[PDB]
Amino acid sequence: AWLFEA
Amino acid sequence: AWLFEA
Amino acid sequence: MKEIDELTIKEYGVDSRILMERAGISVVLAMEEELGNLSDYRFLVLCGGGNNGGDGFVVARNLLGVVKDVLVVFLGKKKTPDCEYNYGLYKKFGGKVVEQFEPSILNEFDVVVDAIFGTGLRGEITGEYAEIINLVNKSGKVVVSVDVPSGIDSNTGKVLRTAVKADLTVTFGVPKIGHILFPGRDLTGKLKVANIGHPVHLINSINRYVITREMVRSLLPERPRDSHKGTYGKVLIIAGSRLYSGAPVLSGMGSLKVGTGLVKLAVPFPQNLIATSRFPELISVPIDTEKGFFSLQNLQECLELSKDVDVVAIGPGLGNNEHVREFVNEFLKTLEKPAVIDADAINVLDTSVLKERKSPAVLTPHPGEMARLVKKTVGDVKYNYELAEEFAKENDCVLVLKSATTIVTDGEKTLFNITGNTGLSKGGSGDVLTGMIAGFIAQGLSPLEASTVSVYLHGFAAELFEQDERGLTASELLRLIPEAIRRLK
Amino acid sequence: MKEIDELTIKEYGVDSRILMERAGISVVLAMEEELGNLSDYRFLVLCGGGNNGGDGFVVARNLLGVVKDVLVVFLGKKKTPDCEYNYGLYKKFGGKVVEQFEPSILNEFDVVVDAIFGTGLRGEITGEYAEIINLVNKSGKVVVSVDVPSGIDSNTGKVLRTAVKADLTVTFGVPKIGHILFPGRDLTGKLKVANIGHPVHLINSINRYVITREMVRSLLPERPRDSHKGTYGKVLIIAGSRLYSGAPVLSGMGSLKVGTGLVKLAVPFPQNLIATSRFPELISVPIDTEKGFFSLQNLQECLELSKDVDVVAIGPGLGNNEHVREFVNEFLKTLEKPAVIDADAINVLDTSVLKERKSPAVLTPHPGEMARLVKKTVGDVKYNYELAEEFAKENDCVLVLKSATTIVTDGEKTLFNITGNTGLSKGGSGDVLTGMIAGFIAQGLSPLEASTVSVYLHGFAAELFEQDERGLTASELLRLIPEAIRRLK
Ligand SMILES: CC(C)(COP(=O)(O)OP(=O)(O)OC[C@H]1O[C@@H](n2cnc3c(N)ncnc32)[C@H](O)[C@@H]1OP(=O)(O)O)[C@@H](O)C(=O)NCCC(=O)NCCS
Ligand SMILES: CC(C)(COP(=O)(O)OP(=O)(O)OC[C@H]1O[C@@H](n2cnc3c(N)ncnc32)[C@H](O)[C@@H]1OP(=O)(O)O)[C@@H](O)C(=O)NCCC(=O)NCCS
Ligand SMILES: CC(C)(COP(=O)(O)OP(=O)(O)OC[C@H]1O[C@@H](n2cnc3c(N)ncnc32)[C@H](O)[C@@H]1OP(=O)(O)O)[C@@H](O)C(=O)NCCC(=O)NCCS
Ligand SMILES: CC(C)(COP(=O)(O)OP(=O)(O)OC[C@H]1O[C@@H](n2cnc3c(N)ncnc32)[C@H](O)[C@@H]1OP(=O)(O)O)[C@@H](O)C(=O)NCCC(=O)NCCS
Ligand SMILES: [K+]
Ligand SMILES: [K+]
């Protein structure tokens, strides 16, 4: 989850 | 593999 | 987020070029996560002249040398500085740009990257932009939209004459209202929200929220072991009539299934007996009415029944005639307990009563009911979160405006719920949610907290139905509530 | 890569800040891939004043608000412009920087990010940098090195007085020689090579390579169905003596196990009978010698045996005395076939002979044998890829300098092999590799191609041994070759 919230 | 070669 | 990007550059000192690079690489990584290895695909990148197009040039440049083919079609008449910068890099790296979209070009590509318009779009799309978007939508290719599908108004989710239907949308920092409200929500496809380097403090200064599983888990009340029923609250539900005998039962079980300690129903006799035949754990008090509907003659009894409860829900199945209207308004004006106001209680409600109550209220209209309450058309109130906010602030209440995306607001904080499915588009669903909200208030959550947890859990329960959603009924939804709670934990 | 970064900025026009941002985010993503969710860890980022330190500030800034704690210790006396830029951003985002490393600070952190020195390090590390690096290595924390572990000479892999021992090293664009040669290879831990936006053309203009599975798969020769043994080549192995009777057998089976059609051995009688007792598919020609070693009296017979083969291997187990030296040099001067020259043939070799041969050769020394061949010390030749390149170019040969990392070069292209394990540090291993190389040449690969495929497959076979590697013997390695080939395909 550092890059994306899905 | 776009970001890393391992 | 227009604000967010500007402060991040101007106050924090992050070069605009760094943000744009991070935006584009995030689209590449997102694509890899959904498509697997990118090396076998041929990419058509459609770039506008704005910063969305600039993000597209970053995507395109980062695919060069790594995928089967990349082509950019540039559809703009001028370029923002960052777009110009990234265009020049794309070309320096050996990238091919054409400035005319030939309809057959779609045949030679697997993935279309939609970087035409982002949050900068204003006004209806005409002309050749529209023809292009329509051709992409008829092509059957995989479509990835940069920031927002082009043609969606990012503030409202409305289609600006036409819009791209995306398989995957990659947005930056936070989701936009247009990803969350329909039709935009449908056109977005799968959404990924990428961190592109804004300070976490600015991202967290947003006052509107998507209701998430983690938020709901942190709000669920505690169950101390040494408890008794009163620990978990008491609810009175004033509901039902000779016309509408089922509503009370669904509301009541909605309170019990969320963990409420005691639920009592006040229902016109003999319709009250329907409830205990189905669920004997309910208390279903018979109310002697003249013709099968609550009226002023029942005011004193309902006030007495309210003395020993924490919260009162009113409205489901009451009917709408003048005598119900008199009762509802006089009751609510006198009741010094929190109220959850639904259905026929909304239809007859005098909003002056809301202003003069000292105790809180939650109102749960669908857009037809909201439209009647503010004397506007359904089209004027549907997904109108600013109207909802104004109404909640002016009337000192929480407003829960039900739709596929549900808006919950107290006028200061606004939350959007995206759980649920079309099995909830069926009579009885709303009656369950009313009981859920009252139950959570009775357990000690604030009106806003109770509304937030309830809309999420109600929708999540629907999604746990094991067969086709169109066959879901409110009775089955009730059975699924405790599973949604378990899964949430 | 110093060249690569400069051209990417100066000729291609990529802002240096963009490259540094991409470098740092790649370290964050790499860490997440190895540690899982980063939010529970506390990070100590050690930053120098150079661009490696700048990359560290990017890492640190990107962790702010997302992990349990981040602290930077800045260990420099001045900052490059990009380092200064990213320091300022780190501080603007609310990051804490201290300028003194207190030994007990390690106690409060889980992960140490080593951004002290990269490829800019020159000269031995002294003073407080050394004390710090030694404290990190005694701490038992997880260590992630940015670009190269600090203290490794990126051109050679030597330790510059002391160096960080990393669990994970994240480097940019391409691996550095220092990641590949020991001791650097050991200190690197797990290596990830991140794409930070250099043009693929510049990354591919490098003339030294790591031998990869994909490279070896593309070089493996074809097996046309309508073939016969001659399709797959014929090898003569001149090997063995009364002292060393096993070597021929291992070399010969090494050729057969890689798919060679016909293998014949010329071995002094009766030692030749050893081979067929173990593997009756070998042809093992008896050579009548005076005292158990090849000499000039066997020259004519060996030349006749060479007429009907594609390649000749010579050296394993020949012995080293004056009569073997006379034979080897006169044979190689007269032989008009490719030669693979190993072991005792290297020990007695006159390099003048290599210069005067029209046919190609591959030489396969270990560093002791290389040292003797160029009249230098083992320390002067070990991992000395520039010496190897000069030797190959001057003598028109392929040189395969065996060690844990094996160097293969023809003087224009240089390849590094990293497959294998310590089970290959045992007598017999080299004899197998000699047969493998000859076999692949016999099948039609160039000397360089055959050497490349062979060193990789030889090492990969070792790794497929099912029990502890220290128990691997050459006989078992032979059995594992066809499995390595299968797994490669
Ligand atoms: C920059 C920002 C403040 C808004 O402006 P923007 O990004 O350039 O806007 P877009 O790229 O969506 O589109 C702008 C262009 O859309 C097109 N446009 C807008 N409405 C149009 C209409 N209905 N018909 C035809 N063209 C129209 C135009 O080409 C317009 O520029 P123009 O009117 O001068 O011709 C910001 O909100 C943004 O979209 N960036 C998002 C963040 C991001 O991308 N990450 C980092 C990079 S800065
Ligand atoms: C219940 C009864 C009144 C039907 O009413 P209903 O469908 O529930 O009407 P509502 O007040 O709830 O409003 C529905 C409207 O709200 C709006 N609406 C609700 N949710 C919406 C949403 N998510 N988006 C857009 N519009 C929405 C629509 O305009 C909808 O109209 P539609 O159903 O035609 O599309 C009627 O069937 C009944 O039970 N009794 C009949 C009694 C009678 O009147 N006559 C006989 C005398 S006894
Ligand atoms: C920039 C580059 C050309 C080489 O220089 P550099 O990156 O700044 O070098 P480093 O960060 O490794 O280290 C430089 C500093 O190491 C330290 N240094 C070097 N040898 C030292 C010694 N033995 N004792 C003490 N300090 C020493 C110094 O602090 C030196 O600067 P200084 O001598 O003026 O004090 C490039 O090869 C590089 O390291 N960057 C890699 C690519 C990258 O990081 N990606 C993008 C960002 S540009
Ligand atoms: C085979 C025999 C000569 C031993 O030799 P060997 O160990 O194979 O010696 P090599 O030429 O192969 O060279 C080994 C040296 O190369 C160097 N070396 C090899 N690989 C290396 C590497 N990867 N890194 C660093 N050094 C390396 C080392 O210096 C090594 O020395 P070490 O074993 O002491 O550490 C001997 O045991 C024998 O079989 N016969 C005995 C005959 C005799 O001489 N006397 C009796 C007369 S009959
Ligand atoms: K777009
Ligand atoms: K480092």
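Every number for a ligand or one of its atoms is a count from 1 in the order of the listing. These numbers come from the heavy atoms of this one structure, side chains and all, not from hydrogens, waters or symmetry mates. Chain letters run A, B, ... following the sequence lines, proteins first and then strands; every chain starts at 1.
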Does C:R61 make a cation-pi contact with C:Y90, if we ask for NZ or CZ under 6.0 Å from the ring centre and within 45° of the axis? no
Here's one to test your reading of the geometry: is the NZ or CZ of D:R17 within 45 degrees of the ring axis of D:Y85 and under 6.0 Å from its centre? yes
Classify the contact between C:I196 and ligand 1 as side chain, backbone, both or neither, using a heavy-atom distance cut-off of under 4.0 Å. side chain
Can you tell me the N, O or S atom of D:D114 that's nearest the K ion (ligand 6)? O
Does NZ or CZ of C:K141 fall inside the cone over C:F109's six-membered ring, less than 6.0 Å from its centre and within 45° of the axis? no
Yes or no: does C:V146 have any heavy atom under 4.0 Å from an atom of ligand 1? no
Pick one of side chain, backbone, both or neither for how C:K78 approaches ligand 1, counting any non-hydrogen atom pair under 4.0 Å. side chain
More than 12 heavy atoms from other groups under 6.0 Å of CD on C:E6: no
Counting heavy atoms only, which part of C:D55 comes closer than 4.0 Å to ligand 1: side chain, backbone, both or neither? side chain
Taking 4.0 Å as the limit for heavy-atom contacts, which would you say applies to C:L160 with ligand 1: side chain only, backbone only, both, or neither? neither
So, 4.0 Å and heavy atoms of C:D5: is ligand 1 close enough to count as a contact? yes
Please note down the angle at the K ion (ligand 6) between OD1 of D:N52 and O of D:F117, to the nearest 10°. 70°
